[PDB]
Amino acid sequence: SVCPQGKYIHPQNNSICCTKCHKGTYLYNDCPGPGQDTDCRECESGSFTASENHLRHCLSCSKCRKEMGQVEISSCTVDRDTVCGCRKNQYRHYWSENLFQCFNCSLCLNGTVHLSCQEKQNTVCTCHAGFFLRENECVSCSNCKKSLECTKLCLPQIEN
């Protein structure tokens, strides 16, 4: 025994086919027989189900990582999980396959953009003569001092 599309095989009796629960709800109890309803309860706050199903629990909403500078794009609803991301002018730096931190795309004031900021990489910015790139900005050489790793960048230029 198999079931028609949209139905599932009863866990305790394989000769019974039950209709799946609508997204936004979860399986409270399997249907008791052919032509009888599957009992589906609405997901509690903080949980959801995005497709027709027969799960015994709704999924807990995903949480965004505030420490990584993440913001909530969309809030979690009974049939829609939380959507986490970054601001429009920010890019993502993945520390791992699914762990990303939001970083500001360099505006490159007093510099030349050689490659626009991308989804996963910062703007490629070349600061103009008299400035050096640090802390995502083009900083004036008048602030350069020993140990700031700027001495050579600030010395007269050389065509090497």
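For every residue, the number given is its place in the sequence shown, counted from 1.
- 50-58 and 91-99 differ in mean CA B-factor, and the higher of the two is recorded for 91-99.
- Between 145-153 and 21-29, it is 145-153 that carries the larger average Cα temperature factor according to the deposited entry.
- The residue among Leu107, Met68, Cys127, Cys40 whose C-alpha atom has the highest B-factor in the PDB entry is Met68.
- Among all modelled residues in this chain, the alpha-carbon of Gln36 has a temperature factor (C-alpha) in the lowest third.
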